[PDB]
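Coming up is one lone chain in structure tokens, specifically the form deposited in one PDB entry.
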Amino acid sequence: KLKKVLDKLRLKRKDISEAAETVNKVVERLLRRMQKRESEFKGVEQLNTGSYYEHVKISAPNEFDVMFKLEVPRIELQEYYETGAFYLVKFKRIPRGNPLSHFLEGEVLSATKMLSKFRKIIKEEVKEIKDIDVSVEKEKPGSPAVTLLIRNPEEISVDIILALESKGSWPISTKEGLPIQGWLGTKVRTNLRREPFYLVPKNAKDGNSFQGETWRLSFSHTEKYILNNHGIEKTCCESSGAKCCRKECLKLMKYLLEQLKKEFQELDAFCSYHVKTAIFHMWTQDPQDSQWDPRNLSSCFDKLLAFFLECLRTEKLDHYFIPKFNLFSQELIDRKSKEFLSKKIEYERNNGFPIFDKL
């Protein structure tokens, strides 16, 4: 039943090969451009993130996410009023003459300006490439990405995401986040929090305050580690261990949402990150690998579904790394929208998911 759907969603070796050689050509070229050109982004480094590199991409290999991360030195952060996830970045002491002088304002590092130069460089280099059909997608407000459209023959999107890499303690808003103690352990949590944290040029809204200079926290690196080290036993899904169905529940849920979203404009507010967050919480609630036995795929998916509905009903979905940050606040997502998704999901669930059969 769901086995058949997973067979459908499973990427094909040839397709992965073909898509990857092309994306890697383009990304390589861009990345070389960033340092080989005496730019203000010299020293930038590649970190692949997201579904494809987490092995939870479904249907086709047509979306690739990449961070270009730049080690900015000692910076001071300021919480963009009690969101937890948004900040203004100032320099403790401006060492001066540095690459990012012209991105500053009043001791503040403007996300908009820096992103716009990043973008300008990217468009410029993209015009300079002749063996691949590749263009730059129109900018979306509220997006930290510069997105590329490649037509191999087939359509592939690539998000190039500029990120500041900071090596200090994680911000205090994350102190109670990443609650993996009973699941992946305290040693894993402590190690993960010894890793750098990332800031991303996503603008905060209202259109009120310092919208354009605002950055946002990102833990794409931590999420990648988790997705690939997801068991309570060290050998989960390893060649000398036993398979679980955690990844496949993520795939099915992502598929449900993708399908519902294709059909219904009313679901625009919702996204795959909501599903990823919800399953992270579920993996926390039920840490034992035995609670994700492949033979229990259906019930596992069902429990995931019920949890998601609960989140819609209570209108609460806390960011996994930032507890105070409610992804389903009435501010972010309209109540009517959550009732709508609730009803659609309940429909599909109660009728053996007809929408898994269509295209």
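Heads up: residue numbers just count along the shown sequence, starting at 1. Rigid core (definition): largest C-alpha set, two forms, superposition within 1.5 Å.
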query: Missing coords for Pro95 in a third or more of other PDB entries; finding: yes
query: Segment of higher mean CA temperature factor, 204-212 or 266-274; finding: 204-212
query: Stretch exceeding the other in mean C-alpha B-factor - 111-119, 97-105; finding: 97-105
query: Per the PDB entry, maximal CA B factor within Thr174, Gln285, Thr235, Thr83; finding: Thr83
query: Out of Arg74, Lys138, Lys254, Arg194, highest CA B-factor residue; finding: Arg74
query: Ranked against its chain, the third holding the CA B-factor of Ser166; finding: middle
query: Third of the chain's Cα B-factor distribution that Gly43 belongs to, per the entry; finding: highest
query: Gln78 - Cα temperature factor, lowest/middle/highest third of chain; finding: highest
query: Chain thirds of CA B-factor: placement of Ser240; finding: middle
query: Record-listed C-alpha B factor of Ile150: chain third; finding: middle
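The next section is about a form of this same protein that is not shown, the form deposited in another entry.
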{"query": "Rigid-core-referenced C-alpha movement of 2 Å or more between the shown form and the other one, selected from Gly185, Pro95, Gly241, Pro196", "finding": "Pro95"}
{"query": "After fitting the core, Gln259 CA displacement of 2 Å or more between the shown form and the other one", "finding": "no"}
{"query": "After fitting the core, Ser17 CA displacement of 2 Å or more between the shown form and the other one", "finding": "yes"}
{"query": "Rigid core superposed: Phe41 CA moves 2 Å or more between the shown form and the other one", "finding": "no"}
{"query": "Relative Cα spacing, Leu252 and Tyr53, in the other form - shift of 3 Å or more", "finding": "closer"}
{"query": "Closer or farther in the other form, the Cα atoms of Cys245 and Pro61, when the shift from this form is 3 Å or more", "finding": "farther"}
